[PDB]
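Colleague: Here it is, the structure, as structure tokens.
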Amino acid sequence: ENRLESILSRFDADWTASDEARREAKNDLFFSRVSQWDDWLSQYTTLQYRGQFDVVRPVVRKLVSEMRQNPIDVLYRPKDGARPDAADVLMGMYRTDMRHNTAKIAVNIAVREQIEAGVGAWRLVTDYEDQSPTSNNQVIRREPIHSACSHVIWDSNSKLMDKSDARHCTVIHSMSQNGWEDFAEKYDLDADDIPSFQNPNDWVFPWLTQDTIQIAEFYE
Amino acid sequence: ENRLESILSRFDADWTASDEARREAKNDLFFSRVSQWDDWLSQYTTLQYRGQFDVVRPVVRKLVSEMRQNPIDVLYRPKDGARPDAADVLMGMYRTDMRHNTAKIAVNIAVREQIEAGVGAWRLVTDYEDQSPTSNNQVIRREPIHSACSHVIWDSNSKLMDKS
Amino acid sequence: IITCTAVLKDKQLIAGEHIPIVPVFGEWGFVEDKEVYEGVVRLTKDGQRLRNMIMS
Amino acid sequence: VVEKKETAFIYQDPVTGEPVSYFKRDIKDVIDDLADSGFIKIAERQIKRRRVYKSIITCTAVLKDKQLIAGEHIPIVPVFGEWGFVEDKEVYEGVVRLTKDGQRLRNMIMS
Amino acid sequence: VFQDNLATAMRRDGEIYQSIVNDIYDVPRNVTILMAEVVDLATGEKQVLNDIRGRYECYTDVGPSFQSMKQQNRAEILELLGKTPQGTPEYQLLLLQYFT
Amino acid sequence: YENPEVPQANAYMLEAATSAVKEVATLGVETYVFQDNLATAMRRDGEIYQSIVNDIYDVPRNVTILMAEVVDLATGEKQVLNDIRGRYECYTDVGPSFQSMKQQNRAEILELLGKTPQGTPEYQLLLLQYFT
């Protein structure tokens with residue numbers, strides 16, 4: 001009956017369903033981004049030579065360059081029997097509010113993560129613009145999601161590549177103290193009550209500080 | 001409540017957030033610019049032959065030269081439905097006040113640091129000019145930032161490449 | 001907007017008929033009711049880890 | 001950068017049309033000169049915009065506090081090579097890093 | 001295969017964007033008698049968009065990335081020009097390229 | 001006394017290390033990704049420059065009836081720019097670096113000339129190239 005209980009049950013089922021794939025994708029990202037000597041469990045035993053002679057990184061660079069030279073975008077076309085000028089207004093709006101650097105950066109991040117790990121993602125959000133609005137004093141932009149393997153958790157009962165049959169999705173946001181304060185200011189939350197959620201990262205590298213605050217957004 | 005305290009708290013959070021990347025970038029700059037025998041911690045123990053037979057510098061030179069042969073600049077284009085001459089004045093101003101040596105040098109420095117370390121940066125400043133002003137007795141110029149890995153510290157809660 | 005112990009915002013209605021998150025996959029499939037996705041790095045991890053060790 | 005809604009004035013251009021001028025930019029300097037020049041006010045709105053403030057600081061004190069500078073954006077432009085996030089930790093790399101291990105060996109053996 | 005998967009992702013992006021545009025944006029209805037934007041404002045000065053159910057008039061495909069409609073029109077004119085022999089339509093398309 | 005010899009391990013490892021550095025020190029296949037990142041940086045630079053220009057510079061408004069620069073000075077002799085809110089009329093793209101607008105026009109005319117067949121527009125574009 002409790003709304004929080006139902007949301008947490010759904011999130012826990014989805015999180016436990018995709019544990020192995022998420023772990024493998026995170027290991028792939030660490031291997032291809034940080035270090036190939038992923039020996040965090042036992043490295044402070046004795047000092048021996050561990051050299052990194054990379055042989056996979058040139059391949060990843062080549063594939064990313066190959067996919068970068070061929071940009072792909074949406075193209076709205078009139079339906080069968082519709083007026084031939086059915087898609088010029090929508091296409092103009094799309095080209096207007098998707099020409100910014102954020103959209104290209106989000107697509108590139110998703111593509112790089114797809115090549116390296118196997119999964120990436122981006123988000124579409126709407127905001128109020130008063131200076132250069134696309135329409136109705138509002139704009140639609142595309143935002144990036146870093147490490148979509150562990151930060152975006154989909155409905156486990158979804159058997160489509162684009163997850164159009166998914167009926168809920170939880171996005172985990174990790175942010176700094178100032179980031180949390182501005183998040184609370186934006187969403188009218190209580191900044192004094194620090195939130196917490198399932199931490200998707202793992203303290204594996206000797207990073208000095210991984211100070212992060214976790215919140216979740218549940219779409220249904 | 002103290003303004004200095006808040007500024008310092010933000011700066012310390014950002015500085016501690018990006019410690020490892022900054023250290024690696026500074027190491028890359030030292031390796032590719034000063035000496036490949038980065039043995040500062042223990043070198044005054046005994047004198048032995050340490051030769052530098054460089055194998056990476058030709059690659060860096062080739063990449064910098066190839067990136068120098070294709071200059072890239074801003075180009076202002078009229079928006080959809082705007083007057084077709086909407087970007088002539090802005091483009092003229094940009095070309096007027098970005099043709100100087102400082103802008104090219106800053107871009108080249110940023111490109112070289114991007115190739116070697118992985119990050120570079122430049123800055124846009126405005127000044128008052130009385131002899132050849134671009135407009136309204138003012139000029140906008142571009143200035144370089146050397147070692148942008150350690151001299152420019154960004155907000156840690158930024159997930160965009162251009163830090164917008 | 002939720003945490004591990006409470007719900008901050010309950011059912012804020014947003015625009016659109018779809019969840020605004022777009023995923024991109026590499027090699028994607030299901031083995032036994034278990035989604036598996038792969039890139040290009042996974043299958044090279046075993047050999048490379050050997051090449052690093054031998055050269056070490 | 002601070003994004004806030006500030007007052008803007010909708011005048012009527014004596015030549016043609018009606019313009020929009022931010023209240024902060026002509027707050028005291030020419031706020032009465034528009035009336036003399038033939039500009040009369042027809043409306044007042046609240047428009048959202050960003051303002052950039054610069055402060056000169058040291059480790060112990062603040063010299064300049066909130067000096068407002070021109071533009072809506074921070075005037076620093078960064079350029080990156082191979083850029084990404086691993087675990088909420090930004091990582092950027094060039095071309096020299098991955099060659100450091102082999103080259104350091106080649107220097108040693110040749111030595 | 002990776003480009004095809006990215007194209008599928010962009011098609012889903014276009015679907016979501018079209019839904020959001022129908023939800024919040026002001027979509028004019030083109031009459032054949034001109035775009036007639038029919039909207040109204042409430043007593044609280046807030047304007048509420050009025051979008052008819054005849055909204056899904058276009059479907060989604062994948063094409064080259066263009067910064068604006070003018071660039072897309074230029075690309076289409078150039079593509080048509082490269083296949084048309086040097087007759088009268090070639091002159092027509094050249095004048096149209098100089099148009100935009 | 002035996003002649004000095006370089007051990008097989010030393011030669012093998014020197015060759016292997018040199019080969020490893022040769023193979024790993026290959027950006028891309030070409031610096032297309034780096035050039036695209038620089039293009040993104042220049043787009044951000046253009047955005048910032050446009051904002052600053054709208055803030056401090058005198059941007060004329062082009063009427064279709066001619067550029068009408070509308071400004072006024074205060075009692076302290078300082079002139080304050082009057083920029084309307086119809087300022088973001090152009091967007092940012094990436095192109096070749098030109099030192100002046102005349103060079104850009106010359107390059108555009110030459111680019112058009114390279115695709116026009118030798119008809120009447122070719123003569124028009126040649127006269128236009130001699131123009132600038």
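Colleague: Would you mind putting A:14-21, B:41-48 in packing order, based on average other-beta-carbon counts within 10 Å, highest first?
Modeller: Numbers: A:14-21: 15.4, B:41-48: 7.0.
The peptides rank, most packed first, as A:14-21, B:41-48.
Colleague: Compute the angle between helix A:57-68 and the longest alpha-carbon principal axis of chain A, please, reported from 0 to 90 degrees and rounded to the nearest 10.
Modeller: 0 degrees
Colleague: Given D:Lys5/D:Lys54; D:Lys89/E:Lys70; D:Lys41/E:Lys46; D:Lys54/F:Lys78, which pairs have Cα atoms separated by over 28 Å? Show your work: numbers first, answer last.
Modeller: Details: D:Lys5/D:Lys54 20 Å; D:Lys89/E:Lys70 40 Å; D:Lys41/E:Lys46 23 Å; D:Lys54/F:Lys78 23 Å.
In this structure, D:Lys89/E:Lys70 exceed 28 Å between Cα atoms.
Colleague: Among A:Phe31, A:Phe53, A:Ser6, flag the residue with its Cα farthest along the positive direction of the charge dipole of the range A:1-79, charges on Cβ as +1 for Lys/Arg and -1 for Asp/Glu.
Modeller: Checked the options; the winner is A:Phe53.
Colleague: For peptide B:37-50, compute the average count of partner chain beta-carbon atoms within 10 Å of each residue's beta-carbon. All intermediate terms of the calculation are to be shown ahead of the outcome.
Modeller: Working: counts 4, 2, 0, 0, 0, 0, 0, 0, 0, 0, 0, 1, 2, 4.
Partner-chain Cβ atoms within 10 Å, mean over residues of B:37-50: 1.
Colleague: Taking the Cα atoms of chain A, report the difference between the largest and smallest coordinate on each principal axis, in whole Å and largest first.
Modeller: Cα spread of chain A along its principal axes, largest to smallest: 73, 49, 38 Å.
Colleague: Hey, which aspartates and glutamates would be in cross-link range of C:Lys9, C-alpha to C-alpha under 12 Å, not counting anything within fewer than 8 residues on its own chain?
Modeller: A:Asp188, A:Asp190, A:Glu217
Colleague: How large is the charge dipole for chain E, taken about the Cα centre, if only the Cβ atoms of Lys, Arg (+1) and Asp, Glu (-1) carry charge, to the nearest 20 debye?
Modeller: 160 debye
Colleague: Roughly speaking, what is the centre-to-centre gap between the range F:57-117 and the range A:2-63 when only Cα atoms are used, to the nearest Å?
Modeller: Measuring centre to centre over Cα atoms gives 51 Å.
Colleague: Relative to the first principal axis of the alpha-carbon coordinates of chain B, what is the inclination of helix B:19-33, with its axis defined by its Cα atoms, in degrees from 0 to 90 and to the nearest 10?
Modeller: 80 degrees
Colleague: Next up: Calculate the translational D of chain F in whole µm² s⁻¹ from Stokes-Einstein, where the hydrodynamic radius comes from the Kirkwood formula applied to all Cα pairs, the temperature is 4 °C and the viscosity 1.567 mPa s.
Modeller: 59 µm²/s
Colleague: Past the 29 Å Cα-Cα mark, which pairs from B:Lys163/C:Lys11; A:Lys26/A:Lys159; B:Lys159/C:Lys11; A:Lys104/B:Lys79; A:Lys163/D:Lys48?
Modeller: B:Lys163/C:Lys11; A:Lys163/D:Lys48
Colleague: Going by average Cβ neighbours within 10 Å, how do the peptides D:31-44, B:85-98 rank, with the highest at the top?
Modeller: Descending mean neighbour count gives B:85-98, D:31-44.
Colleague: Per-residue mean of other chain beta-carbon atoms within 10 angstrom of the beta-carbon, peptide F:98-105?
Modeller: Taking the mean over all residues of the peptide, I get 4.
Colleague: Quote the charge dipole size of the protein assembly as shown about the Cα centre in Debye, to the nearest 20; the model charges only the Cβ of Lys and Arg (+1) and of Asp and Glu (-1).
Modeller: For this selection, approximately 1900 debye.
Colleague: At a Förster radius of 30 Å, what calculated FRET efficiency corresponds to the Cβ-Cβ distance of B:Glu5 and D:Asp29, to the nearest 0.05? Numbers along the way, then the final one.
Modeller: Values: r = 35 Å, r/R0 = 1.15.
After rounding to 0.05, the efficiency reads 0.30.
Colleague: Going by C-beta contacts inside 10 Å, put C:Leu8, F:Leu38 in order with the fewest on the left.
Modeller: Ranking C:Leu8, F:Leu38 by Cβ neighbours within 10 Å, fewest first, gives C:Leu8, F:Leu38.
Colleague: Would you be so kind as to identify which of B:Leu160, A:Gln198, F:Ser100 lies farthest towards the positive end of the dipole of the protein assembly as shown, taking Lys and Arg as +1 and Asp and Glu as -1 on Cβ and the Cα centre as origin?
Modeller: Of B:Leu160, A:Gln198, F:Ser100, it is F:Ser100.
Colleague: State the answer as a single residue: which of D:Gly71, A:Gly81, A:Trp15 lies farthest towards the positive end of the charge dipole of the protein assembly as shown, with beta carbon charges of +1 for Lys and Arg and -1 for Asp and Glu, about the Cα centre.
Modeller: D:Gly71
Colleague: Over the range A:1-120, what is the mean sequence separation of C-alpha contacts under 8 Å (at least six apart), divided by residue count, expressed as relative contact order in percent?
Modeller: 29 percent
Colleague: May I pose another question? Peptide A:208-220: average number of partner chain Cβ atoms within 10 Å per residue?
Modeller: 5
Colleague: If you don't mind, another one. Which value, in debye to the nearest 20, describes the size of the charge dipole of the range B:1-159 about its Cα centre when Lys and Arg Cβ atoms bear +1, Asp and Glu Cβ atoms bear -1, and nothing else is charged?
Modeller: 600 debye
Colleague: Where does helix C:45-55 land angle-wise versus the long Cα axis of chain C, in degrees 0 to 90, nearest 10?
Modeller: Between the helix axis and the principal axis of chain C, the angle is about 40 degrees.
Positions of Cβ are backbone-derived with ideal geometry, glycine not excepted, and every protein chain shown enters the neighbour counts. Bear in mind that the values in this text are calculations on the coordinates, not laboratory data.
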